[PDB]
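Trainee: Got a sequence here, can you build the structure:
(2 chains)
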Amino acid sequence: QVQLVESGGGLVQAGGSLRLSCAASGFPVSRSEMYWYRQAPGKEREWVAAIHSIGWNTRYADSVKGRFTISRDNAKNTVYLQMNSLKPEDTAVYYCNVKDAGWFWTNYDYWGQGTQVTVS
Amino acid sequence: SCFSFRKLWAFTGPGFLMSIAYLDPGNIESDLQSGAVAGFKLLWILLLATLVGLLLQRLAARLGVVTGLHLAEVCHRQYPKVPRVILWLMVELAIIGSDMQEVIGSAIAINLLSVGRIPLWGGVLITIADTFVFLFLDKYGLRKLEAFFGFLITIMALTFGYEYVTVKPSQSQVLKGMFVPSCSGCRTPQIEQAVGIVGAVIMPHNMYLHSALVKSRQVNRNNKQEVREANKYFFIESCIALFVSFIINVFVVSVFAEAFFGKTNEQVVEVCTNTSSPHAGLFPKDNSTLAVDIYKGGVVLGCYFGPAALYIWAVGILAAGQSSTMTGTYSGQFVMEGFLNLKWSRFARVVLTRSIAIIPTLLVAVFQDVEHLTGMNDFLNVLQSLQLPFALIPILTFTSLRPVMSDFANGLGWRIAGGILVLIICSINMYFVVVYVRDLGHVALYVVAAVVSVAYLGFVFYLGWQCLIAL
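Mentor: Numbering: from 1, shown residues only, chains lettered A, B, ... in the order given. Sure, structure below:
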């Protein structure tokens, strides 16, 4: 039932800007935490940022603070990233993940389809 | 006899006043915040706060029935003179604090009900009739008031039950929120609201009410068969009364989290224009989040579900305002009776509390606007939060010593549970006090703030040390 589609892939020169979107349906994403990932080629998946939305707080990783911004539209049931000043190390497969606790002691992870972003 | 409805009925009455004592407008506002800040996720803490509060109530009932003196009177006989009086003023500040957020609650209710015709300061001056009422009861001296509490609960449940039916929230979310504690990705402000709710639930002076109310009932202290049954039935009455209050509290949280969670200001403005309610310009036109208070929350609720819901919400707040006042004077009358042994009628207590409370509240209403008027509720909420523990250390410190409780002392697990609880609440307060000090960062204004913080920590640590010897 959980569905996530990422839109906003492509080629952008270093120092550019672009906006990525995760569109999801089948569940009330407004009430659930939203996490964001990137898988660089040859490296492991890494925690970028997440809008837990328990207080609309936004948390960023160390290599992300001050460079990328996040937003969400629960009316469209979608989440937006605005990335500015893209550096060549930002090259990675970008993925959208929902952490539904299941109201149990174990969580379940659902990933999107994956969009590739290139920086020169 | 394991249990009997006949004995229940014969030993009821403390629950009626206790129930309404748990739904002051501060608690409704506290439950209001989770409806639009954290949604259903932060609902389990409400059950934890009530469950701990009920466990504290049983200790108040134990102390009240084991020895005839209530907890205030036994406080006069235990601590030295300086700790007694300084604690006396500390608990008093809660009553003025409790009465302060009530008059904001009542004044806001008048303003919404009067479609803005009666001004804000009109609402602040409209609660003087409450003082006039208390004088009239004192002249008549009914002194029963049980029907007032029963009716007041009845209108509260009917009003908020209508809200729950009208909203029709998903029972899956509230069940999943209440019975499965989950709270992730939160920073200091979020836990600040979390400690605000638990502080708002466990009001410090409710221990004095139960101790005094239990003392009113007659029971042979020397004979052990009467005290055990009286303790059991009083505890079961507290369980029923607390369950009803918590059910009403979960009604409000579920109402405000179903439809007012994650809604931007544009959407609520759009529906307000569609309904054509005049109260529409309050919400600014921007992408930012929604902030809720008693004034704003009632307005958007009225916009979304007709003026009928707004008026019922306004009536419900007024019932909360009356409940907080009635438990306010009852608390104040008993503590002054016990601590320094001063006999004052209820009219004296309400006059003292109300006259002190309205002095700043009317002034800020004249100077600052309504948004800052509910902004002051934040200051009262946090002030009540730091002084929340003052209902914890005294109750077990006194219901732990063998000479005072005879051989009805708490079991070992209760002592260790209280010791863990007081350490947890001490650590939380010391964690928060240093953060609040760092917020200002002045040269001498930080000095007076540091002096106050030093004094409060010293008082708290001394009480904690006294508890450790007691345990």
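Trainee: Name the nearest residue to the one residue in chain B that gets nearest to chain A, ignoring sequence neighbours.
Mentor: Closest residue of chain B to chain A, C-beta to the nearest C-beta: residue B:185 (2.9 Å). The way it works is simple: take the backbone N, C-alpha and C, and place the C-beta from them, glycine included. Closest residue to residue B:185 apart from its sequence neighbours, by C-beta to C-beta, 6 or more residues apart in numbering or on different chains: residue A:52 at 2.9 Å.
Trainee: cool, residue B:145 as well?
Mentor: Nearest to residue B:145 is residue B:326, by C-beta to C-beta, 6+ apart, at 7.4 Å.
Trainee: In contact with the one you found, which residues?
Mentor: The neighbourhood of residue B:326, defined by C-beta atoms under 8 Å, 6 or more residues apart in numbering or on different chains, consists of B:17, B:20, B:145, B:148, B:149.
Trainee: I'd like the residues you listed as a markdown table, with neighbour count and secondary structure appended.
Mentor: Formatted as a markdown table, these follow (neighbours: other C-beta atoms under 10 Å in any protein chain shown; DSSP: H, G, I helix; E, B strand; the rest coil):
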| residue | neighbour count | secondary structure |
| --- | --- | --- |
| B:17 | 22 | helix |
| B:20 | 25 | helix |
| B:145 | 15 | coil |
| B:148 | 17 | helix |
| B:149 | 21 | helix |
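Trainee: now for those residues, which pair is the farthest apart?
Mentor: Spatial extent of the contacts of residue B:326 (C-beta to C-beta) is set by the pair B:20 and B:145 at 10.5 Å.
Trainee: for the contacts of residue B:326, which one is nearest residue B:450?
Mentor: Nearest to residue B:450 among those: residue B:20, at 39.5 Å, using C-beta to C-beta.
Trainee: Thought residue B:327 was touching that closest one, still the case?
Mentor: Yes: look at residue B:20 against residue B:327 with C-beta atoms under 8 Å: they come within range, at 6.6 Å.
Trainee: tell me which element residue 65 is part of?
Mentor: Here I'm looking at chain A. Using DSSP states H and E, residue A:65 sits in no helix or strand.
Trainee: could you do chain B instead?
Mentor: helix B:44-66.
Trainee: Would you mind putting the CA coordinates of that helix into PDB?
Mentor: Below are the C-alpha coordinates for helix B:44-66, written out as PDB (Å, rounded to 0.1, in the frame of the first residue of the first chain):
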ATOM      1  CA  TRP B  44       0.500   8.500  25.700                       C
ATOM      2  CA  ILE B  45       2.200  10.900  28.100                       C
ATOM      3  CA  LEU B  46      -1.300  12.100  29.100                       C
ATOM      4  CA  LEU B  47      -2.100   8.600  30.400                       C
ATOM      5  CA  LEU B  48       1.300   8.300  32.100                       C
ATOM      6  CA  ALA B  49       0.700  11.700  33.800                       C
ATOM      7  CA  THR B  50      -2.800  10.600  34.900                       C
ATOM      8  CA  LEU B  51      -1.500   7.200  36.100                       C
ATOM      9  CA  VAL B  52       1.300   8.700  38.200                       C
ATOM     10  CA  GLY B  53      -1.200  11.300  39.500                       C
ATOM     11  CA  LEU B  54      -3.600   8.600  40.500                       C
ATOM     12  CA  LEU B  55      -0.700   6.800  42.300                       C
ATOM     13  CA  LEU B  56       0.000  10.000  44.100                       C
ATOM     14  CA  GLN B  57      -3.700  10.400  44.900                       C
ATOM     15  CA  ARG B  58      -3.700   7.000  46.700                       C
ATOM     16  CA  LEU B  59      -0.900   8.200  48.900                       C
ATOM     17  CA  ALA B  60      -2.900  11.300  49.700                       C
ATOM     18  CA  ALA B  61      -5.800   9.100  50.700                       C
ATOM     19  CA  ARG B  62      -3.500   6.900  52.700                       C
ATOM     20  CA  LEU B  63      -2.000   9.800  54.600                       C
ATOM     21  CA  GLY B  64      -5.400  11.400  55.100                       C
ATOM     22  CA  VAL B  65      -7.100   8.400  56.500                       C
ATOM     23  CA  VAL B  66      -4.300   6.800  58.500                       C
END
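Trainee: Can you give me every residue that contacts the residue in chain A that chain B sits nearest to?
Mentor: Nearest residue of chain A to chain B: residue A:52, at 2.9 Å (C-beta to the nearest C-beta). The contact partners of residue A:52, taken as C-beta under 8 Å, 6+ apart, are A:33, A:34, A:59, B:184, B:185, B:186.
Trainee: how about a cut-off of 10 Å?
Mentor: Residues counted as contacts of residue A:52 (C-beta atoms under 10 Å, 6 or more residues apart in numbering or on different chains) are A:32-35, A:58-59, A:99, B:38, B:41, B:183-187, B:190.
Trainee: One more: residue B:422?
Mentor: B:389, B:392, B:393, B:396, B:397, B:460, B:463, B:464, B:467, B:468, B:471.
Trainee: Now narrow those to whatever sits close to chain A.
Mentor: Among the contacts of residue B:422, no residue sits close to chain A (C-beta under 10 Å from any C-beta of the partner chain).
Trainee: May I see the residues you listed arranged in JSON lines, with neighbour count as well?
Mentor: Below are the contacts of residue B:422 laid out as JSON lines (neighbours: other C-beta atoms under 10 Å in any protein chain shown):
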{"residue": "B:389", "neighbour count": "22"}
{"residue": "B:392", "neighbour count": "24"}
{"residue": "B:393", "neighbour count": "24"}
{"residue": "B:396", "neighbour count": "23"}
{"residue": "B:397", "neighbour count": "24"}
{"residue": "B:460", "neighbour count": "21"}
{"residue": "B:463", "neighbour count": "21"}
{"residue": "B:464", "neighbour count": "18"}
{"residue": "B:467", "neighbour count": "22"}
{"residue": "B:468", "neighbour count": "12"}
{"residue": "B:471", "neighbour count": "17"}
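Trainee: Just the CA atoms of the helix or strand hosting residue B:358, as PDB, please.
Mentor: Assigned by DSSP H and E, residue B:358 falls within helix B:346-367. The C-alpha coordinates for helix B:346-367 follow below in PDB (Å, rounded to 0.1, in the frame of the first residue of the first chain):
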ATOM      1  CA  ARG B 346     -13.700  30.600  51.600                       C
ATOM      2  CA  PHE B 347     -14.700  34.200  50.700                       C
ATOM      3  CA  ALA B 348     -11.400  35.400  52.200                       C
ATOM      4  CA  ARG B 349      -9.500  32.900  50.100                       C
ATOM      5  CA  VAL B 350     -11.100  33.700  46.700                       C
ATOM      6  CA  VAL B 351     -10.900  37.500  47.400                       C
ATOM      7  CA  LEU B 352      -7.100  37.100  48.100                       C
ATOM      8  CA  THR B 353      -6.500  34.900  45.000                       C
ATOM      9  CA  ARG B 354      -8.700  36.900  42.600                       C
ATOM     10  CA  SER B 355      -7.500  40.400  43.600                       C
ATOM     11  CA  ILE B 356      -3.900  39.300  43.300                       C
ATOM     12  CA  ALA B 357      -4.500  37.500  40.000                       C
ATOM     13  CA  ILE B 358      -6.400  40.300  38.200                       C
ATOM     14  CA  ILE B 359      -3.800  43.000  39.000                       C
ATOM     15  CA  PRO B 360      -1.300  41.900  36.300                       C
ATOM     16  CA  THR B 361      -3.900  40.300  34.000                       C
ATOM     17  CA  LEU B 362      -6.000  43.400  33.500                       C
ATOM     18  CA  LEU B 363      -2.900  45.500  33.100                       C
ATOM     19  CA  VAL B 364      -1.400  43.300  30.300                       C
ATOM     20  CA  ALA B 365      -4.800  43.200  28.600                       C
ATOM     21  CA  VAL B 366      -4.900  47.000  28.600                       C
ATOM     22  CA  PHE B 367      -1.300  47.200  27.400                       C
END
